[PDB]
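Read on for two forms of one protein chain; each stands alone as structure tokens, with the labels structure 1 and structure 2.
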Structure 1
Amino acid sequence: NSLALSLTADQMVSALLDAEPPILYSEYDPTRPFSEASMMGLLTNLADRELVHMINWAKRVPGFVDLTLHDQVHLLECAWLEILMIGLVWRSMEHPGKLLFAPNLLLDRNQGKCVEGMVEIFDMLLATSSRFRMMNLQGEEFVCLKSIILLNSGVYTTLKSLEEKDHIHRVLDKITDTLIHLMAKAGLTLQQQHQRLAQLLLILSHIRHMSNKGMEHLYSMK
């Protein structure tokens, strides 16, 4: 019973925790003071390094590699900015009013004004940080949400076609079971469990929104 649909809730959580990517430091060369990237270059360089780790993370998510390659790339290309963003928010929760892009790159709102159009996006990320804090979002919950984003974001964008969408939805259902189990084990009532699951899933629409606005911005600054 090592395949994804065979895993218990505990085993799924455990597998997902094992797969967590490293949190990167922003690269710095004390001998190159003048070619320090702009704010945007610093974020771009970080993000590009994070993306290399993201592909490998996704392919460790039980179920993901059961999809055709084409479908894996599709889901990744749809979710990647949502995934960077939720990861960013997690690590920023202990820094109210700030975004911990890296342990050596902690930025305040007003540093968002360094790039025209970016502050709007910083504001939205900060509101997400605040929402997660007010909910006391737990790490195992954050980890399930990331996998949900990966499997969900591109699924809506022929027999085997339906077969693959069927498989994705089954893995999504297992991650929901996993979230519920975590909450149940924490001692929440059934009503608190359903209310909390819904609160967490609704934040995903905001994360989608933020990614749409970010992609728009990226595409504008081509």
Structure 2
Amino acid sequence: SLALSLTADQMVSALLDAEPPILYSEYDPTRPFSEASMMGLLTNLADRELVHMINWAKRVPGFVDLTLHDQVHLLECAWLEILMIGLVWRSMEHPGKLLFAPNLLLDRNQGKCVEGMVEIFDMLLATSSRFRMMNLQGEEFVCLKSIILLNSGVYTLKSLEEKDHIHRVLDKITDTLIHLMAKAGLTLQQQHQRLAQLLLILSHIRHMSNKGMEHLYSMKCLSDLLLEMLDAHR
């Protein structure tokens, strides 16, 4: 594995290079909104984002070393978390608003147009406000996003060795996070504290994904890929 040999700076460079682009929605302000229209817009956007996410994952150091079945499992598990932390990152500069796309900026009032959406919106807004107050850096964001990919499905016959490899790469990304914070001039106490703060947010991103997922495969109760990603969570 090359991932275990990369320096902290090389890991950052790799993750930054691997970043997916920001896509546009089909949003037309001159067109009337509705529950179906709003959900169709977000679904359409998520679906196109997934394709880029899959290719992004291929460029996350250590991911390609895994079996194909494991790669599938990790992405099935983490895809909504990854979409959500991306959404939250883009939305940092827009307090009280969610920036799904450069042409799609929504506030929580428009969240009430879909059943159960306003609850997820508030949680996303809270997360965004947290990132903003912490002054989350782009280098930190790409580390967190890669952690989510590798961590979210590591639990859930040797392949214990495969689990071990994931744990090793996760330690590497931790080292990288610390490296960035030390580079930033934080004291050791401040480094550990900030590291903890960032990782605790991942628990909130997990919660938001699970709650969102719960509502999402009840909405249908969508493209084929997205339908299969949703179905993986039953």
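Shifts are known only where both forms have a C-alpha. The term rigid core refers to the most C-alpha atoms you can superpose between the two forms while keeping them within 1.5 Å. Counting starts at 1 and follows the sequence of structure 1.
When the two forms are overlaid on the rigid core, CA displacement between structures 1 and 2 of 2 Å or more is confined, within 166, 36, 48, 173, to 36. Fitting the two forms on the rigid core leaves the C-alpha of residue 66 displaced by under 2 angstroms between structures 1 and 2. Superposed on the rigid core, the forms differ at residue 27: its CA is offset by 2.8 Å between structures 1 and 2.
Core superposition places the C-alpha of residue 134 1.0 Å apart between structures 1 and 2. Here is what shifts between structures 1 and 2 when you lay the two on the core: just one run of at least 3 residues, every Cα off by 2 Å or more, at 27-37.
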